[PDB]
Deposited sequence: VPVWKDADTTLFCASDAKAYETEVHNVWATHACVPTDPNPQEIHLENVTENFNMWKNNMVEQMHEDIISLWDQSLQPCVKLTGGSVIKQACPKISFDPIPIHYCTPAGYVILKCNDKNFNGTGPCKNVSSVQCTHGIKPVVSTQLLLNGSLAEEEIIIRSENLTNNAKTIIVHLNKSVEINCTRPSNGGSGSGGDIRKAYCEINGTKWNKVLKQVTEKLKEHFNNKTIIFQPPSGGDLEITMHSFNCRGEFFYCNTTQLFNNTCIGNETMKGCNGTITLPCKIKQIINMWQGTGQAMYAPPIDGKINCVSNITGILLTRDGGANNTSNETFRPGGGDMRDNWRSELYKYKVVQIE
């Protein structure tokens, strides 16, 4: 057939258990339809489509949905919002992101890039066409992208413009790294155990890959030097508890006696700078007992340092804050068009 680049309102789908008390299931149970029981994907032969992950409206729409999900599902005791302040009940909630499918209404279709080393921008020569994206888990975090998909070939570097150092860099890993984070039975004391062996290996590979994009220059990793706790640390939510974990051991250029298990120190903060921008909020103290999540690190968000134009090296620090980049990391291979 034929089509034309177009933006329209998408709808969502899920496998939300209607009996579930969990907040992602509850939101999906009443804001999304059931997943396509017979999903039909059909490859388009001799067709080349130009995709642009950084200028894609599916990002902004999914981002809209996640603010909605969080605003109805999270119960802070007090919300400080731009001069207003609201007290409330803050019961414990059950939190565990479920995949969400995004789907075009009639008159529109979703194009999907299957070029395996597609970097997100430019043309794609193996294009399919779907009614619905795949199941995307909306995991909220900084620096480390958790529980996502992997690049099926090489490690991929994505940025709207690598020459601009204000542009976030998204590295898509081809090998997942486990991050196992516990708060066992100070109650906010917590920690993350990562296999230093595997981690160091793939960071060297990132290093390798990054050097390609930077004329063989020297690649150096550093901790963030400026920003709120949420972006200077690895922030994420595990079972309703906001985790803040120190990344300094995972970005030491020493090991790019150090192959055991890295133990990142962590704190469970009750007062957080909300990622939606609204302000700052307070929550109740953590649950009794063992609070643990085992996640897959599938990508890394990084920022290059400015002012290295005639310098010997390039400096990269873990990044985050704009969580459209997180949706970016899974919606890059997709584009919405209207059948003409």
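Sequence order list of spans that the model leaves without C-alpha positions, deposited numbering: Gaps in the modelled chain, taken against the deposited sequence, lie at 1, 187-194, 266-271.
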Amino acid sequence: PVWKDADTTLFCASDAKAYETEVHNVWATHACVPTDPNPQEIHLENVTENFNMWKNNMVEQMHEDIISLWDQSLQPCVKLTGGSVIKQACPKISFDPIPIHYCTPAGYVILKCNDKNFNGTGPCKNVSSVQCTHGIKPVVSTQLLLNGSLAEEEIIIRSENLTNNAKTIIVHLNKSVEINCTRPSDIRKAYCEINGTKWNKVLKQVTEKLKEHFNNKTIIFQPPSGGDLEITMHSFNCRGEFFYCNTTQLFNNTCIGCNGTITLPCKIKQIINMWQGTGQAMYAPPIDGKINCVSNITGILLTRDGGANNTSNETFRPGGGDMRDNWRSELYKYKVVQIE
From here on, numbers count along this sequence of modelled residues.
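Comparing 151-159 with 78-86, the one whose average Cα B-factor in the PDB entry is higher: Of 151-159 and 78-86, the stretch with the higher C-alpha B-factor average is 78-86.
Segment of higher mean CA temperature factor, 306-314 or 65-73: The entry gives the higher C-alpha B-factor average to 306-314.
Chain-wide C-alpha B factor ranking for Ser235, given as lowest, middle or highest third: Ranked within chain, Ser235 CA B lands in the lowest tercile.
Ranked C-alpha temperature factor of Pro285 among modelled chain residues, by third: Its C-alpha B-factor, which the entry lists for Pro285, ranks in the middle third among residues of this chain.
Lowest, middle or highest third - CA B-factor, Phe95: For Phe95, the deposited C-alpha B-factor lands in the lowest third.
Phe118, C-alpha B-factor rank within chain (lowest, middle or highest third): According to the entry, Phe118 has a C-alpha B-factor in the chain's middle third.
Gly135 - which third its CA temperature factor falls in, relative to the rest of the chain: Within its chain, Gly135 is a lowest-third residue by C-alpha B-factor, going by the deposited values.
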